[PDB]
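Remarks on the overall topology
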Amino acid sequence: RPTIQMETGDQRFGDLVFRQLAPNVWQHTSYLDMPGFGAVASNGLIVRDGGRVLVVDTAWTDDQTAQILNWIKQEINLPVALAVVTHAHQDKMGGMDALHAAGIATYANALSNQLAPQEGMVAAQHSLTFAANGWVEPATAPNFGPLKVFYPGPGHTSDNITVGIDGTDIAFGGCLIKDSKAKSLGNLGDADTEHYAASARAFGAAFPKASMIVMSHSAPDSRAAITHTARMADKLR
Amino acid sequence: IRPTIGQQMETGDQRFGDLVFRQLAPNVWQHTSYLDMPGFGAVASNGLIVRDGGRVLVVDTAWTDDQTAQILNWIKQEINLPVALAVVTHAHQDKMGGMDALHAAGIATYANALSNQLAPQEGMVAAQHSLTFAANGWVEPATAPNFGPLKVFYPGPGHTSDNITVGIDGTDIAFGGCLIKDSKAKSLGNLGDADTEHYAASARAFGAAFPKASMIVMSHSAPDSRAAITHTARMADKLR
Ligand SMILES: [Zn+2]
Ligand SMILES: [Zn+2]
Ligand SMILES: [Zn+2]
Ligand SMILES: [Zn+2]
């Protein structure tokens, strides 16, 4: 029962929760227990593509991330080819060593990799770079299957990236996008308050077709999460 | 100040040092203070300040002594009347972290007897006086001398076993502290010390104690309607 909830359609597995979102897409949820404060949920994705599994974001810790891999073994039983992690904070990159130990190739924005050690994180093995329009440079993201990686500009952090899943209704905003009933934008300590609104809108325009918006700290929402996030961010300028 | 958890600043609000103050009624203000958690950001906590004639009454400290001293400095600047007493609403840091600042200022402090018994087990300082309660939750009046408009009610165990609540007589405001979450809340906050069996009934008991309060003030979000009480209770129904 995190401080920052479980419903029908959720599967507990060890200390994590999994929810199927589409025939080949699942949301993973893990929890950080903070002394005196309680547990904080964070969400990522698991995608089955062409006999392999692709992961978006680690859990908060190496042990929780190893639990993700065990769930994948039990439920899907296909090799995990790669992971994409969406910025250099613990909720997204806390489990990199578990991925590396398992032989999984890891990818992050070059800037995330540069920030990683300064943020307490292990860097990904490979760096993604981006065009001026935000789209990933194709040669840096080989064999990504249906994953469409987009850098929307600075927002929650300067390095935040986002991921659409081609052939589905799903796009993943990570910690950039907050839900349509949110009171705030979460932790703004590392945020770019000038550019945030434009970055939220750029995410929406990059994935114009996605009706299910997945994000780190709330359940999947409509495109109203994008609109609402942008309007909250307009107030920061 | 843009806390990670808690309401944001809006029109009305006064920034004073590290805190924010919002007038809720001619004689009632909300104080807000912030705890920075490394890697997570700031967490807001709210209490109340009430003017009762020629004296001021406080509900809850800030997270720290220094923040609580700042509350007292705001009261001196904006109201310029003495603080007669403070009521603190359970033995967690957000509500009792600043007891030493109140004691240094010479302010009489009151808490549930249970909160005073628990405070030292959390490394905190007990209030100097103990409130006790009837079987229906109303404070025993002899334990709450000269409380003016503060009507203290123990609704039963919920967020904690000791949590108390305060209606402000002569207004349409009631304070639920950390028992009550806002009408759009996704969770009941920290349940580490909570009574999941009794929470829903306790939330409803608070609503029934102050049935004509239309403005519900709470620790970690902006003042809300009575939908905060009903939503809290509905979330708590799921815990049993
Ligand atoms: Zn982050
Ligand atoms: Zn986050
Ligand atoms: Zn508490
Ligand atoms: Zn609290």
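Residues numbered from 1 in each chain as written, not as in the entry; some residues may be left out. Chains lettered and ligands numbered in written order. Heavy atoms only, no water. Residues with missing side-chain atoms left out of burial classes, pairs and counts.

In terms of determination method and resolution, the entry is listed under X-ray crystallography at 1.30 Å.

Heads up, the rule is: UniProt positions are given in the numbering used here, feature names are shortened, and annotations may be inferred rather than shown by experiment.
Chain B appears in the PDB entry as Metallo-beta-lactamase type 2 from Klebsiella pneumoniae. As recorded in the PDB, this entry has the title "Crystal structure of NDM-1 in complex with hydrolyzed cefuroxime - new refinement". Looking at chain B in UniProt, the text filed under Subunit is "Monomer." Of the comments in the UniProt record for chain B, the one headed Subcellular location reads "Periplasm".

In the nomenclature of the PDB entry, chain A is known as Metallo-beta-lactamase type 2 of Klebsiella pneumoniae. Database annotation for chain A, UniProt heading Subcellular location: "Periplasm".

1. So, the sheet that holds strand β7 (residues 108-112) of chain B
Residues and elements named next belong to chain B. Note the following rule: A strand pair is defined by DSSP finding two or more bridges across the two strands. Starting at the N terminus, helices and strands are each numbered in turn, a helix being any DSSP run of H or I of at least four residues and a strand any DSSP run of E of at least two. Comment: axis = line fitted to C-alpha atoms, over the contacting stretch for helices; angle = value between 0 and 180 degrees taken between N-to-C directions. Any two residues having at least one pair of non-hydrogen atoms within 4.5 Å are treated as being in contact.
In space, the 8 strands of this open sheet follow the order β1-β2-β3-β4-β5-β6-β7-β8, with mixed pairing throughout. Looking at the sheet topology across the chains shown, the edges are occupied by β1 (14-16) and β8 (129-131). Sheet twist, expressed as the average angle between the axes of neighbouring strands with direction ignored, equals 25°. Set on the sheet, helix α1 (residues 65-78) makes contact with β1, β2 (19-25), β3 (28-37), β4 (41-52), β5 (55-59) and β6 (83-88); between it and β1 the angle comes to about 120°.

2. Quick notes on the coordination of the zinc ion (ligand 2)
Each pair of donors in an ideal four-coordinate tetrahedral metal site encloses 109.5 degrees, whereas pairs in an ideal six-coordinate octahedral site enclose 90 or 180 degrees. Residue and element names in this part refer to chain A. Heads up, the condition is: Atoms of type N, O and S within 2.8 Å of a metal are treated as its donors, and for Na, K and Ca the window is 3.2 Å; water is not considered, so some sites may appear to be missing partners. The classification of residues rests on relative accessible area computed with a 1.4 Å probe and restricted to protein chains. Under 20% of the type maximum is buried, over 50% is exposed, and intermediate values are partly exposed.
Only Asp91 (OD), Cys175 (SG) and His217 (NE2) from the protein coordinate the zinc ion (ligand 2), and they sit 2.0 to 2.3 Å from it. All donors to the zinc ion (ligand 2) come from one chain, and their sequence spacing reads D-x83-C-x41-H. A separation of 3.8 Å is found between the zinc ion (ligand 2) and the zinc ion (ligand 1). Note that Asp91 is positioned in helix α2 (residues 90-93) and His217 in the loop between β12 (212-215) and α6 (224-234), a separation of 126 residues in sequence. Using a relative accessible area of 8% as the deciding quantity, one classes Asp91 as buried.

3. As for the interface of chain B and chain A
Selection criterion: Residue polarity is assigned by list, with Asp, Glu, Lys and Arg as charged and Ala, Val, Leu, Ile, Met, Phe, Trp, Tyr, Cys and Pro as nonpolar; anything else, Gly included, falls into the polar class.
Tallying the contact residues gives 19 residues for chain B and 18 residues for chain A. Of the residues belonging to the side of chain B that touches chain A, the class tally is 7 nonpolar, 7 polar and 5 charged.

4. Some details on the UniProt feature "binding site: Zn(2+) 1" in chain B
All names here are of chain B. Here, the residues flagged by UniProt with the feature "binding site: Zn(2+) 1" are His90, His92 and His159. These annotated residues cover 70 residues of sequence, but their C-alpha atoms sit close together, with the largest distance between any two at 10.6 Å. Here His90 shows up in the loop between β6 and α2 (93-96). According to the relative accessible area criterion, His90 is buried, its value standing at 1%. By relative accessible area, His159 is classed as buried at 6%. Apart from residues lying up to four places away in sequence, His159 is in contact with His90, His92, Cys178, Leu179, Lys181, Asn190, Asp193, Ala194 and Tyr199.

5. Digging into the UniProt feature "binding site: Zn(2+) 2" in chain A
Residues and elements named next belong to chain A. Using the residue numbers shown here, the UniProt feature "binding site: Zn(2+) 2" corresponds to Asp91, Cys175 and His217. The largest pairwise C-alpha distance within this set of annotated residues, which runs over 127 residues, is 9.7 Å, so the set is compact in three dimensions. Discounting chain neighbours no more than four positions away, the residues touching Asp91 are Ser42, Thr58, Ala59, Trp60, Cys175 and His217. Relative to the helices and strands, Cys175 is located in the loop between β11 (170-174) and α5 (196-206). By relative accessible area, which is 2% here, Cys175 ends up buried. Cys175 has contacts with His87, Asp91, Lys92, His156, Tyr196, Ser216 and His217, leaving out every residue within four places of it along the chain.

6. Section: the UniProt feature "binding site: Zn(2+) 1" in chain A
Residues and elements named next belong to chain A. Per the UniProt annotation, the sites labelled "binding site: Zn(2+) 1" are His87, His89 and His156. Tracing the backbone shows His89 in the loop between β6 (80-85) and α2. Apart from residues lying up to four places away in sequence, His89 is in contact with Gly94, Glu119, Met121, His156, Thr157 and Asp190. Of note, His156 is situated in the loop between β9 (147-150) and β10 (162-165). Classification of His156 as buried rests on a relative accessible area of 6%. Residues in contact with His156, not counting those within four places in the same chain, are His87, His89, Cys175, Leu176, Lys178, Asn187, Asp190, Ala191 and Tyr196.

7. Description of the pairing of strand β7 (residues 105-109) of chain A
A regular strand carries its side chains on alternate faces of the sheet. Residues and elements named next belong to chain A. Taken across its 5 residues, β7 has 4 buried, putting it largely inside the fold. With 4 bridges joining them, β6 and β7 adopt parallel strand pairing. Residue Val84 lies in a different strand from β7, and its bridge partner there is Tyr107. Bridge analysis of β7 against strand β8 (residues 126-128) gives 3 bridges, and the strand direction is parallel. Across the sheet, residue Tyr107 finds its bridge partner in β8, namely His126.

8. Section: the packing of helix α5 (residues 199-209) of chain B against helix α6 (residues 227-237) of chain B
Residues and elements named next belong to chain B. We count it as follows: Angular relationships are summarised with four words: roughly parallel below 35 degrees, roughly antiparallel beyond 145, roughly perpendicular across 65 to 115, and oblique for the angles in between. In this scheme the handedness of a crossing depends on how the near helix is turned from the far one: anticlockwise by less than a right angle means left-handed, clockwise means right-handed.
The interhelical angle for the contact between α5 and α6, taken along N-to-C directions, is 165°, at an axis separation of 8 Å. The pairing of α5 with α6 is recorded here as roughly antiparallel in orientation. Between α5 and α6 lies a crossing of left-handed hand. Facing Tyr199, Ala200, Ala203, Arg204, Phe206 and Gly207 of α5, the residues of α6 in contact are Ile229, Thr232, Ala233, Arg234, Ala236 and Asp237. Residue composition of the contact of α5 with α6, grouped by class: 7 nonpolar, 2 polar and 3 charged.

9. Focus on unusual backbone geometry
One non-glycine residue, A:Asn77, lies in positive phi territory at about 55°. Topologically, A:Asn77 is positioned in the loop between α1 (62-75) and β6. In this structure, B:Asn80 takes a positive phi of about 60° despite not being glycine. Take B:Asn80: it is sitting in the loop between α1 and β6. Exposure remark for B:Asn80: the relative accessible area of 48% places this residue in the partly exposed category.

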